[PDB]
Amino acid sequence: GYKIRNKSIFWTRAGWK
Amino acid sequence: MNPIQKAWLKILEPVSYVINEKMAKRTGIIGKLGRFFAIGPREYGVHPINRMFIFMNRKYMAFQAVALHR
Amino acid sequence: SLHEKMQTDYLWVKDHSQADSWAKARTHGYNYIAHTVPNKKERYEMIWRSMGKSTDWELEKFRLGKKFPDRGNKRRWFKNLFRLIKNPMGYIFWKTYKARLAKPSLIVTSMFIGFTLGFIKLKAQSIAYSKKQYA
Amino acid sequence: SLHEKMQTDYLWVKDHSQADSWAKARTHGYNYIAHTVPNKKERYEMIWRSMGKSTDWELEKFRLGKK
Amino acid sequence: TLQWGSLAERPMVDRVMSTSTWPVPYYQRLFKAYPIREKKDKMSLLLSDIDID
Amino acid sequence: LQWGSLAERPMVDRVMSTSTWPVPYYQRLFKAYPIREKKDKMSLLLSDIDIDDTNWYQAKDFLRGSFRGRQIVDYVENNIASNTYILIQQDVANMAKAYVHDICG
Amino acid sequence: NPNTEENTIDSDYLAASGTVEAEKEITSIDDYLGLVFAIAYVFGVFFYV
Amino acid sequence: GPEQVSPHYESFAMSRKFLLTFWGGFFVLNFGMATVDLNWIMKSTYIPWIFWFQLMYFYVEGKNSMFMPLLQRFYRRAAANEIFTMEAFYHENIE
Amino acid sequence: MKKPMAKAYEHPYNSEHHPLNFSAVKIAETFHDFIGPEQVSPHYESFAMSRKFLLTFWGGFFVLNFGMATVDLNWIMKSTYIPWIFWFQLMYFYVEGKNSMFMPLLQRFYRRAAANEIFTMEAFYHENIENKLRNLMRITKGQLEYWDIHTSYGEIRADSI
Amino acid sequence: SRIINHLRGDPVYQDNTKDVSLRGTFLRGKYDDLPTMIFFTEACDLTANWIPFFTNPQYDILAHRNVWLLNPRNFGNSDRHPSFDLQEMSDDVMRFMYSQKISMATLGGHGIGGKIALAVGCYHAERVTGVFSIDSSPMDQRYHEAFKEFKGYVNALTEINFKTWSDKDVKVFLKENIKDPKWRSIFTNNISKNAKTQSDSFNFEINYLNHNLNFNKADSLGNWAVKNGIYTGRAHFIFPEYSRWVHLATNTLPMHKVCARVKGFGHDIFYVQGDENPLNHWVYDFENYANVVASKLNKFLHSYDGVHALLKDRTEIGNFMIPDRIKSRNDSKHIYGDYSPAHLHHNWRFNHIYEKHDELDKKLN
Amino acid sequence: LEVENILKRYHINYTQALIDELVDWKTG
Amino acid sequence: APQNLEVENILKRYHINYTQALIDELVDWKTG
Ligand SMILES: CCCCCCCCCCCCCCCCCC(=O)OC[C@H](COP(=O)([O-])OCC(O)COP(=O)([O-])OC[C@@H](COC(=O)CCCCCCCCCCCCCCCCC)OC(=O)CCCCCCCCCCCCCCCCC)OC(=O)CCCCCCCCCCCCCCCCC
Ligand SMILES: CCCCCCCCCCCCCCCCCC(=O)OC[C@H](COP(=O)([O-])OCC(O)COP(=O)([O-])OC[C@@H](COC(=O)CCCCCCCCCCCCCCCCC)OC(=O)CCCCCCCCCCCCCCCCC)OC(=O)CCCCCCCCCCCCCCCCC
Ligand SMILES: CCCCCCCCCCCCCCCCCC(=O)OC[C@H](COP(=O)([O-])OCC(O)COP(=O)([O-])OC[C@@H](COC(=O)CCCCCCCCCCCCCCCCC)OC(=O)CCCCCCCCCCCCCCCCC)OC(=O)CCCCCCCCCCCCCCCCC
Ligand SMILES: CCCCCCCCCCCCCCCCCC(=O)OC[C@H](COP(=O)([O-])OCC(O)COP(=O)([O-])OC[C@@H](COC(=O)CCCCCCCCCCCCCCCCC)OC(=O)CCCCCCCCCCCCCCCCC)OC(=O)CCCCCCCCCCCCCCCCC
Ligand SMILES: CCCCCCCCCCCCCCCCCC(=O)OC[C@H](COP(=O)([O-])OCC(O)COP(=O)([O-])OC[C@@H](COC(=O)CCCCCCCCCCCCCCCCC)OC(=O)CCCCCCCCCCCCCCCCC)OC(=O)CCCCCCCCCCCCCCCCC
Ligand SMILES: COC1=C(OC)C(=O)C(C/C=C(\C)CC/C=C(\C)CC/C=C(\C)CC/C=C(\C)CC/C=C(\C)CC/C=C(\C)CC/C=C(/C)CCC=C(C)C)=C(C)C1=O
């Protein structure tokens with residue numbers, strides 16, 4: 001199918017997700 | 001290239017030495033100024049008016065040959 | 001393993017010796033976008049794919065990095081103006097070539113010229129009437 | 001559904017002409033032609049194919065027939 | 001390409017047919033018509049990948 | 001003079017280029033022809049012309065450049081009973097009968 | 001390109017359709033062709049020529 | 001109403017270009033013949049035409065080749081273009 | 001090798017830039033020298049689509065320029081009403097009305113269809129001329145089969161004795 | 001022997017989509033160093049059927065390039081993976097080019113193989129010189145009648161159980177269900193017996209393919225998704241006049257929509273003049289279709305493949321100067337002017353031809 | 001029928017006598 | 001090389017047009 005390619009999609013200034 | 005451009009080159013020979021030899025290969029503002037005003041043969045130096053005459057002259061002349069050859 | 005083998009191999013990912021001297025497109029395509037073309041969405045995919053290769057698909061590097069405009073389009077309106085002054089008929093000819101491939105009838109072409117020159121003729125008569133009012 | 005045919009007719013208008021009921025009057029596409037599309041020449045080839053199939057590729061029949 | 005034609009013939013380049021029929025109706029359908037808000041006999045598609053519970 | 005490797009082709013055929021994004025939008029209309037010079041190339045009109053008088057005329061021209069070719073030209077134009085220099089072989093009568101007159105010895 | 005530019009397609013085929021009418025045997029087409037051009041500006045007023 | 005689907009082989013504008021051009025110029029002349037003080041409107045529009053275009057040039061077009069790109073609106077297109085693909089592959093991902 | 005002739009005749013009134021006889025080929029060369037070569041753009045978008053806002057300004061600037069200059073624009077509009085109605089009602093059928101009314105008048109279409117077929121023939125010029133030569137190469141090879149038979153007659157005569 | 005070299009391997013079922021290796025036949029060219037061409041056959045079609053085409057002395061294709069008749073994943077001899085994503089299948093070719101030490105290659109395809117070839121140019125344009133697609137177009141073909149028949153044949157082929165069915169049962173099932181003569185012959189030749197006469201099976205993965213076709217969603221091989229993007233390089237399309245797969249009326253528009261450099265019909269898009277025949281899809285079987293495809297292929301490889309976008313042909317290499325965009329070069333003291341774009345050797349990454357010619361250049365000076 | 005299949009691939013009209021000579025050539 | 005002559009002579013008697021690819025495949029078919 002299709003997957004999100006951006007590895008930093010869940011990165012925030014406070015941490016991952 | 002035409003003789004009038006060659007006549008400019010004889011007169012601008014000392015100017016060509018100041019800009020191309022000295023200013024062109026420097027750096028900074030003096031370098032940018034020399035490379036911009038470099039002297040030589042013209043880029044896009046064609047004269048469209050002269051070319052417009054040659055085209056219309058040849059096209060109108062072929063019409064003269066048809067109209068006169070009766 | 002073979003996938004990571006070729007990603008690390010220098011011979012597989014290596015610019016040519018003359019790559020530094022070559023003209024480089026310094027944009028991903030987001031500065032000037034085609035908005036009304038039927039392949040509009042496919043253009044955006046290529047922009048996104050180009051941005052991902054630059055950051056190894058870690059787009060946080062792009063977010064922190066500097067964003068630049070398309071400097072290759074600088075002063076483009078001036079350059080087309082000077083080319084129009086240099087050779088107006090040659091500029092107009094090639095800029096309208098693909099459009100002139102479809103040629104209307106003799107009637108339509110005659111109506112264009114007839115109405116255009118008629119509007120210019122009335123404009124000249126209006127100018128001459130303004131000299132009458134000045135007198 | 002139950003009220004579909006009644007509601008669909010009430011919402012939108014359909015075409016009342018039977019222009020294409022007559023067989024020979026049907027157009028091959030040479031009346032309204034697209035001039036600038038990138039597949040322009042493919043449109044002309046399909047028009048030519050339509051004209052050739054109607055006459056079994058004897059276009060003299062088209063020249064003598066009514067347009 | 002970025003040169004598709006004139007503005008008047010812009011809606012022409014959108015249609016793509018699955019059959020060899022000529023002439024081709026140009027209009028490219030945007031959505032599916034939904035005239036009557038009918039309650040579907042179909043079960044909800046939300047019940048897709050919920051774990052055991 | 002150098003000839004290189006017979007097994008290899010010219011380098012123009014081996015050089016290649018690939019595309020990338022973004023890509024120039026411009027589509028080339030015509031091939032550039034800034035200078036009207038097409039020397040050393042033969043005309044493409046000389047494509048599918050049938051055999052004619054120019055074939056035996058140019059044959060003599062190139063044959064007369066050799067010693068053996070000069071003997072053939074002088075013999076054919078003198079000692080061959082033919083009503084035309086456009087020689088067409090549709091039978092082996094003159095070939096077979098010329099062999100039986102020689103193979104007897 | 002005489003096969004893609006509709007301006008030369010129209011003018012070429014139109015001129016060819018007129019000169020082929022020399023087979024109608026009116027007179028020397030080289031003579032009255034100039035009269036056709038002048039006549040085309042009498043009745044061509046209807047078409048704004 | 002429903003999507004006004006055209007059943008024809010060609011679009012309405014390209015089939016009636018000559019006719020729509022007539023009615024296009026009829027209303028231009030209609031407004032032109034009705035507006036006797038059209039020169040007063042052209043002159044009254046000169047100042048705002050110069051002012052608003054020089055003021056908003058950078059934010060609309062100049063940013064594409066000058067100091068800052070201002071890619072905020074592009075980020076909204078790129079995210080929506082990716083969602084368009086995720087919806088197109090919905091059946092695959094859920095399967 | 002015999003010494004060839006020094007030169008052939010040189011016409012005193014024919015040159016490459018001023019050809020004596022006339023044809024459309026020389027007019028074509030002078031024409032493309034005038035309009036210049038194809039102005040190839042190196043950019044990724046066209047000039048008009050990248051400057052729509054700026055071109056809109058200058059477009060309206062020259063409209064206002066003409067409008068501010070033309071004090072009597074209403075007199076020009078009214079003087080244009082009659083010819084606008086007249087020429088459009090007179091030429092409606094020959095331009096557009098013919099496509100759905102009394103007669104089609106397909107003369108202009110026939111010339112497009114003939115050019116579309118000629119365009120296709122030029123596109124396959126290489127294939128058509130190559131098929132024509134294959135038949136001539138077949139005839140030429142058929143005549144060359146006789147020299148191949150005679151070259152072996154000496155070998156046959158040697159082994160026959 | 002020498003010209004025909006097909007590497008022998010066994011298909012391996014892979015859990016990771018990146019550990020997928022492709023196998024196929026390699027055809028050595030007539031000359032020493034020639035660029036390579038990678039060609040994909042139609043889905044569930046033998047690579048060997050194209051050998052007489054690429055080894056025909058009349059066409060003389062090997063005089064131009066070396067040909068790799070490569071099988072995609074889940075097809076023939078290559079590894080099997082349930083995914084048929086065009087991006088994942090495109091990365092397979094790049095690992096194949098790396099393992100085979102190929103810097104860049106020409107891509108060709110027939111039918112669905114044409115979509116696969118064009119997809120590789122979409123995802124890796126810098127590794128692809130050109131794409132030559134035969135009877136295909138980057139368009140959604142899920143509703144074409146020709147694809148529906150192929151989709152229906154694969155579904156019926158799932159009914160056969162090789163363990164219980166005898167050879168005579170299979171022959172009867174194929175003649176009755178598969179009415180197309182060519183699809184029938186192709187599917188019979190895909191049936192092969194494993195070592196130690198274990199059982200019979202299709203060379204292609206019938207389970208993974210059926211689910212792809214039967215699901216009839218975005219990842220189907222008949223579909224062309226917007227995700228694939230745009231191909232920026234040279235592309236040539238050829239298809240029969242009356243083809244059940246590419247309809248001349250509208251199926252050419254996808255070529256302009258996906259390929260940026262396509263000029264149009266008569267330049268990069270041609271149709272082979274032929275009659276209505278459902279078997280005209282297989283151009284290599286009929287000499288009339290094959291002669292035109294081969295001539296157009298030779299013209300593509302010789303003059304248009306691997307040429308810069310703004311150049312007309314290969315003849316302009318070295319004599320046509322392309323305009324330059326301002327502020328595009330790192331050198332600050334650079335006088336901007338027109339230039340001729342650089343064309344590189346076809347396998348410059350894995351050979352030292354640039355180092356060797358540098359030393360030979362210094363001997364001159 | 002491997003001999004028949006390769007001949008079929010090349011589109012060469014083959015007789016039954018030719019197939020037997022080829023099979024005997026391999027087996028012999 | 002010797003097996004090429006065996007197949008070529010067989011194809012010669014049937015006056016069948018043969019190519020090096022066919023012979024290479026037939027020779028490979030014999031060894032295979
Ligand atoms: C205390 C004592 C001293 C007092 C001093 C007072 C003066 C202050 C001095 C300091 C001021 C400057 C400060 C530093 C600036 C640094 C900014 C910068 O980085 O450069 C940006 C800018 C970047 O340009 P670019 O990136 O190369 O290309 C532009 C884009 O690519 C786009 O190119 P394009 O091809 O797409 O064309 C579009 C373009 C141009 O296209 C156009 O449509 C505009 C056309 C304007 C000319 C035509 C006007 C019409 C009337 C004439 C008709 C011409 C017809 C010709 C043909 C003939 C008929 C056919 O659009 C533009 O507007 C570009 C202008 C530059 C952008 C700036 C923002 C402008 C937005 C507002 C626009 C409205 C104002 C425009 C002003 C004129 C612009 C040239 O560079 C500059 O403009 C440099 C300007 C500063 C030069 C300073 C010179 C020295 C100053 C001292 C001199 C003495 C002055 C004495 C005054 C006396 C009192 C009266
Ligand atoms: C500083 C000075 C400031 C003041 C002056 C400012 C001037 C600015 C305007 C500059 C020129 C206009 C821009 C044109 C864009 C580029 C060319 C183009 O159109 O692309 C071709 C493209 C399609 O053509 P194509 O692809 O070549 O296919 C044709 C085939 O070759 C084969 O043809 P076919 O068989 O398929 O169909 C037959 C034929 C149909 O027959 C026709 O061509 C109809 C036109 C015949 C002649 C009409 C009279 C001549 C008009 C100019 C003379 C001025 C009149 C005096 C005005 C006094 C009142 C101000 O079709 C055509 O050939 C093209 C017709 C499309 C309409 C043409 C564009 C509108 C008319 C010209 C605008 C006039 C504005 C100038 C005055 C502005 C003053 C503020 O047309 C389009 O862009 C599509 C747009 C939609 C057009 C249809 C609906 C039009 C609705 C608006 C009508 C506006 C009428 C204004 C009347 C003026 C007031 C009375
Ligand atoms: C044995 C036979 C006799 C020998 C014949 C030999 C003829 C020689 C043919 C050689 C052709 C000329 C070669 C050079 C020109 C080629 C380049 C060109 O410009 O052609 C147009 C060329 C092709 O036009 P087209 O759109 O493709 O249409 C092709 C045909 O017209 C077809 O268009 P269609 O398919 O739509 O047909 C429908 C037709 C429908 O027409 C009809 O059904 C009936 C028409 C009846 C007319 C009613 C007249 C009413 C008069 C009332 C007047 C009252 C006021 C009078 C006041 C007087 C004082 C009291 O409506 C029209 O199209 C009319 C077109 C304009 C006609 C103007 C002349 C009409 C009379 C011609 C008489 C010639 C002798 C004929 C003898 C045979 C008679 C059986 O147009 C272009 O696009 C090229 C550029 C045009 C630029 C426009 C401005 C150019 C101005 C200079 C032009 C060149 C100098 C003048 C030469 C003559 C031109 C009129
Ligand atoms: C007493 C005698 C007086 C009474 C006489 C009664 C007779 C009156 C005659 C009226 C005729 C009615 C029958 C036709 C109505 C629609 C005409 C039309 O073109 O539709 C085809 C056209 C496409 O039809 P299609 O071929 O089937 O293609 C379907 C695809 O969706 C196409 O989409 P696509 O993007 O894929 O393809 C390109 C698309 C590209 O076109 C578009 O998609 C949008 C074009 C821009 C739309 C207008 C933007 C206006 C923004 C609002 C600001 C002004 C509002 C005006 C009122 C404000 C307060 C005064 O359209 C085209 O195919 C080529 C363009 C054709 C020209 C259309 C634009 C012309 C301007 C029409 C607006 C008229 C009002 C403003 C004019 C100035 C103020 C007077 O549809 C439209 O453009 C819809 C626009 C809105 C329609 C209602 C507008 C009012 C009536 C329009 C009359 C037009 C001529 C007179 C004004 C011209 C001044 C220059
Ligand atoms: C003191 C203060 C005052 C002075 C301050 C200084 C101000 C100076 C102003 C100059 C501005 C800078 C000059 C830059 C170049 C000119 C601007 C331009 O747009 O050219 C790009 C544009 C093409 O640029 P491109 O994107 O790189 O081309 C890509 C494709 O190859 C193109 O073809 P494609 O089909 O493959 O691609 C699509 C194509 C589709 O568009 C088209 O292809 C247009 C189709 C029309 C051709 C159909 C045949 C009709 C023309 C035949 C020849 C007529 C002239 C020769 C016969 C008479 C001999 C005298 O392009 C488009 O997408 C849209 C094009 C732009 C929008 C529509 C343009 C309307 C206004 C421009 C034409 C003005 C006509 C005259 C009105 C003015 C009254 C005199 O050129 C043209 O389309 C033709 C215009 C050629 C220049 C003549 C006009 C120069 C002055 C224009 C100023 C702005 C308009 C003012 C009036 C507005 C009235 C509404
Ligand atoms: C004889 O047969 C015929 C032809 O041949 C076949 C035709 O081609 C044609 C077609 C005609 C043409 C194609 C020509 C069309 C020309 C037209 C419409 C007008 C041409 C106008 C110009 C080129 C503008 C020229 C501008 C100027 C002269 C003004 C600026 C120049 C100035 C001030 C120079 C001052 C002039 C002098 C000192 C006069 C001395 C003459 C000189 C050459 C000295 C030059 C000196 C220097 C330093 C260069 C016809 C009608 C014909 O009958």
Side-chain angles (χ1 to χ4, degrees), chain E, chain J residues 135-149 151 216-217 220 222-226 230-235 237 239-265 267-269 271 274-278 280-281 309:
Chain E
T1 179
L2 295 180
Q3 297 172 279
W4 294 84
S6 56
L7 183 60
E9 300 181 17
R10 184 163 76 181
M12 216 69 165
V13 305
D14 292 73
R15 193 68 154 93
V16 171
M17 299 289 303
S18 60
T19 62
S20 178
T21 174
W22 182 262
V24 285
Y26 83 96
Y27 191 84
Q28 170 69 28
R29 283 282 274 157
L30 303 163
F31 297 102
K32 174 183 174 57
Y34 199 46
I36 306 182
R37 187 91 178 275
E38 271 283 55
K39 294 164 293 301
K40 307 172 176 294
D41 50 355
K42 173 175 282 76
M43 288 183 66
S44 176
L45 293 181
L46 283 175
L47 318 170
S48 57
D49 59 330
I50 303 175
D51 300 65
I52 197 88
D53 69 327
Chain J
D135 204 358
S136 67
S137 57
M139 63 178 181
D140 187 9
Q141 298 173 333
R142 289 191 252 94
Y143 302 93
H144 284 51
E145 296 183 357
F147 176 82
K148 289 182 173 182
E149 294 182 16
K151 162 180 158 57
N216 197 254
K217 297 306 177 182
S220 179
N223 182 48
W224 179 273
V226 181
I230 286 186
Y231 175 52
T232 56
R234 299 276 184 170
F237 297 88
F239 53 94
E241 184 179 7
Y242 303 87
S243 65
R244 303 192 301 160
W245 295 85
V246 185
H247 304 300
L248 187 56
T250 63
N251 295 186
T252 300
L253 291 170
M255 301 172 180
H256 295 75
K257 183 178 173 60
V258 176
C259 300
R261 299 308 303 177
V262 156
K263 184 174 178 55
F265 177 81
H267 305 280
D268 312 84
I269 307 169
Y271 71 82
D275 57 75
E276 296 185 347
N277 178 22
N280 66 346
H281 171 64

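Below, each value reflects all heavy atoms present in this structure, side chains not excepted, and no hydrogens, waters or symmetry copies. So you know, we letter chains A, B, ... as the sequences are listed, proteins then strands, and number each from 1.
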Visitor: Do other residues, nucleotides or ligands put more than 12 heavy atoms under 6.0 Å from J:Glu145 CD?
Guide: no
Visitor: Decide if atom CG of E:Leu47 counts as having more than 12 heavy atoms of other residues, nucleotides or ligands within a radius under 6.0 Å.
Guide: yes
Visitor: Report which part of E:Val16 has an atom under 4.5 Å of a heavy atom belonging to chain J: side chain, backbone, both, or neither.
Guide: both
Visitor: Decide if atom OH of E:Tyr34 counts as having more than 12 heavy atoms of other residues, nucleotides or ligands within a radius under 6.0 Å.
Guide: yes
Visitor: Mind ranking J:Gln141, J:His144, J:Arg261, J:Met139 by heavy-atom pairs under 4.5 Å with chain E and telling me who comes out on top?
Guide: J:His144
Visitor: What part of E:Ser20 gets within 4.5 angstrom of chain J, counting heavy atoms only: side chain, backbone, both, or neither?
Guide: both
Visitor: Within the side chain of J:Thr250, is there an N or O that forms a donor-acceptor pair under 3.5 Å with the backbone of E:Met17?
Guide: yes
Visitor: Identify the two heavy atoms, one from J:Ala249 and one from E:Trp22, that lie closest to each other, and give their separation to 0.1 Å.
Guide: CB-CE3, 4.2 Å
Visitor: Counting only non-hydrogen atoms closer than 4.5 Å, does J:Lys257 touch chain E with its backbone (N, CA, C, O), its side chain (CB onward), both, or neither?
Guide: both
